[PDB]
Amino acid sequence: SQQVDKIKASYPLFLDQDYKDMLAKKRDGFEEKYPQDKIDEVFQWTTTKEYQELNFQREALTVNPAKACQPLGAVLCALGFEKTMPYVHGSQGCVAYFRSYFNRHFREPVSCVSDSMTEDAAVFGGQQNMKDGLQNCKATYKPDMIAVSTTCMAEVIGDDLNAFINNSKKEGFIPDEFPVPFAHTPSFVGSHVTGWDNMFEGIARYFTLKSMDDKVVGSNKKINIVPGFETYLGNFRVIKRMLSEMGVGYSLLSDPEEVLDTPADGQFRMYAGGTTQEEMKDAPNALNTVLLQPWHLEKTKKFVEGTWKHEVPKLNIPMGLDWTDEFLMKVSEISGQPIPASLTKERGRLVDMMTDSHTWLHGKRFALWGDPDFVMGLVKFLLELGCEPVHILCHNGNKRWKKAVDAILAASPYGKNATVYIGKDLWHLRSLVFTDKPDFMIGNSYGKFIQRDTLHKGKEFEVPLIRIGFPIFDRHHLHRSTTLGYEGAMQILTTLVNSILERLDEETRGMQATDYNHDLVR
């Protein structure tokens, strides 16, 4: 039933007695459900060290992964170029998923096309799909560039993108000089970040390989910046802001911040902003190229060093205090521009916040996951705050990366109780947060189900989630945040300390029981 002046949605409608009784009758009559006592027994067992040991012996099964597939990353890379349509050669079902995934995280339109290969293409490949797909996309959506990646069907049947694109031009489906950079993006290699690297390197090669004989390193007096796979708008913005404050000439190569944040003013804008073709053609003339997320830009790095002859600096992601300092000092060295008063002051305001909040952060224990560079930067900043990363999970991490993070842990007493995990998923992480319970998790929205699980064991076992990463689908507008630079560090600190104080207030809100410690001032 409903009362018209206080209409109930699913929650709490289905808690009405009539629905409760109906659902009990369904269960008893027809579901042949395991008895509650057995459900409870199995749940308890899934919280044990014995269960964790079995869980960590998995070789074949993956449960609740913390990564996605290459083409997702190619699409994000492509979106950062002016008037560029991402185009995924292969199966359309993929593109429905890539768009929806980004739509949910950014709450924005996400434009991407497929060339709709079907089973018929297994006989003689997707060449005709490419010809008609390129012609149709160009006519209909009027991009100035089409950036082509692949789905796993196209990879398995072995379609040669280069030949197919060349033949599309040869036969007049798309103009000879219309830019169609490409990259092979197999979903069964690496992850979404690998797809970003592949795509970027494809675009860089397209605009520069054949024109290198007129290029001179340093002649344009700029620094190139390659952001990698980045889903916080504040991260593109803060890098641009800091370089502008320093008076450093720069080119941000792949810059989707405008197309992922168009105004609602009565018109839909399929394209906005982005890196220009002129910028990509002129990029080898920069002083140097800085990679913001080097642990997924290894192919890009090889191209930039081997072909552009840039001496790419060995810089960590600019997260936290030390690595933001290192980034600014390196940029200063390359550009000859001093670090200005404004950034020195910003840095000291972060340090002030650290001094103000240190007593509540000290010794706090975190489980955390994400992509390699984000995770390493978060670990570094947590050590700087006097926190203990204890469970560090990077599903798409590698051995070299893990050694690097193990080195960072060794340079700090706050690293002593920490373990780095690669190739492990959120069902592994679930075991760790039961067997070696931390104070909080820092992760994406998939973390909510771990929090749910921990609460079921008991309130004293609950591990609250702090949402930092990708995707975040169950909160609004967190994609506007920042994690890089001093501004990102100030935002992360604020979120952490207030998460700690919010939990403390929950724990001390019980009248005459725990409210002796429900302090007004903290």
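Numbers for residues come from their place in the sequence shown, where the first is 1.
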Comparing 33-41 with 464-472, the higher average Cα temperature factor in the PDB entry belongs to 33-41
Higher avg CA temperature factor (335-343 vs 394-402, as deposited) belongs to 335-343
Scanning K380, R349, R365, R205 for peak Cα temperature factor in the entry gives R205
Listed options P284, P186, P86, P438: highest C-alpha B factor recorded at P284
Of the three thirds of Cα B-factor ranks in this chain, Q57 occupies the highest
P372: C-alpha B-factor third of its chain, per the entry, is the middle
Temperature factor at the Cα of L13, chain-ranked in thirds, falls in the middle
Of the three thirds of Cα B-factor ranks in this chain, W427 occupies the lowest
In terms of its chain's C-alpha B-factors, the third that includes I7 is the middle
